[PDB]
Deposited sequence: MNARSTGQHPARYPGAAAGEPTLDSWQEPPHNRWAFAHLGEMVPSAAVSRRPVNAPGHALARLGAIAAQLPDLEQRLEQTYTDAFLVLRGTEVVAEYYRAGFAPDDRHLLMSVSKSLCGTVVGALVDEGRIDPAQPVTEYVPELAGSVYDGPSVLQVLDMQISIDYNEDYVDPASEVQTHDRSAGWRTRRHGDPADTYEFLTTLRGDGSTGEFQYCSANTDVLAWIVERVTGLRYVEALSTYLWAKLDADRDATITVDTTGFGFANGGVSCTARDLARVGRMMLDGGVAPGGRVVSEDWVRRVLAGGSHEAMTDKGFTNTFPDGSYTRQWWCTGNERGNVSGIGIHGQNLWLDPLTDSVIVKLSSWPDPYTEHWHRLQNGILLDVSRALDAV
């Protein structure tokens, strides 16, 4: 058993409603107002085909920028300098206020919610995961601290060979509803997490999406809120965002914290703005000044042995669900597969959002090109 989880609505039984029960009472009162949470759904537009390029001042310093954005399958691109949008690009067929999947940039949002609860004193990163989720006893998360989950310094047997249905990576997707279920699969994301094992060692960085969903589980046990609501209460609702975000949910209503958030490029930039404002957003403080400093400072360099990162960023590291380049600019970024970045450039008080759809989740090629763009744009913002 995976223990108590936040009810889908006031008074709901565990796991209710399901796809087969949402039309029945008492579920239907909630379900009729939230059907997209149960059944795939399309927007019917209230508004009645060409790329929008407003690259502003940086266009002069980067003459080939639009082409470089096209080449890296850019869907939305936005540069926020201070409080001002100074450059924007949206591909044909993607509107400025359309939402885009964040993939693992979602992790940086989850870490922020954890940070908010640390600020309130409701989570102690030094405590073992099992202090908050006892049901993870007997798993690879039995022993490690919450901080080690935040920094992803837990050794886990987690096959990333996606094409293999036996792989943990595809099983994670199936347990969450991102792929069709196979017989014997865990019922939901919580159950999947409990199946995870490792040799017990910690201290070395291992990028693993399961870590973020454990963080979300901790958030739920501490607050009693569905992660969906916690993400709003502790972050999204304080941003003065233009639109709601969305997040995919599994069959229990648990948000796919590691990868399933979608939002507009402009709204994502508000998260970066908050980080560069010492943790404060328009609607109040989100995380502490100390939390932001720790993110900008980076994690242990010794722990970071991912050559896919360190070949480009030799002094790079990872902490609290953010990638830290350790470059001369101190750049830090949320990153997600297929070319998503929430990129922070503190030197120029700027945030760069790039949301993309590379054909491949990862290649060295794509990251070389993408990082070249983000660094070039960052440098273009320097005083001259």
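According to the record, the deposited residues with no C-alpha atom in the structure span 1 to 4, 53 to 56.
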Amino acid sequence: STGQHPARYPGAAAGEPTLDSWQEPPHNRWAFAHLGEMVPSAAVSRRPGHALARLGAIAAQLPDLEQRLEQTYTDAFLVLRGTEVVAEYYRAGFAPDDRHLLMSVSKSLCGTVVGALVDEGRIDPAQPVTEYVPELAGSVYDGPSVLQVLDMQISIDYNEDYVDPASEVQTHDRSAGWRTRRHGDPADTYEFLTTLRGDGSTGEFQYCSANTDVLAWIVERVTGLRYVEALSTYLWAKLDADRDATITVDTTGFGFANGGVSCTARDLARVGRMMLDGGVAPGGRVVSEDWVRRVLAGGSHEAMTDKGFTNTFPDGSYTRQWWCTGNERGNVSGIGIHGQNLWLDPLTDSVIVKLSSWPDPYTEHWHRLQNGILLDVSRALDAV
From here on, numbers count along this sequence of modelled residues.
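Relative to one another, 172 to 180 and 241 to 249 have unequal mean CA B-factors, and 172 to 180 is the one with the higher figure. The stretch 61 to 69 shows the higher mean C-alpha B-factor when 61 to 69 is compared against 351 to 359 in the entry.
Highest C-alpha temperature factor among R46, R320, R54, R29 per the entry: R54.
In this entry, the residue among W291, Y162, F256, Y234 with the greatest C-alpha B factor is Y162.
Per the PDB record, residue ranking by Cα B-factor puts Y158 in the highest third of the chain. Per the PDB record, residue ranking by Cα B-factor puts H100 in the lowest third of the chain. When the CA B factors of the chain's modelled residues are split into thirds, the value for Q206 lands in the middle one. When all modelled residues of the chain are sorted by CA temperature factor, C263 is found within the lowest third. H50 sits in the highest third of its chain by CA B factor, as recorded in the PDB entry.
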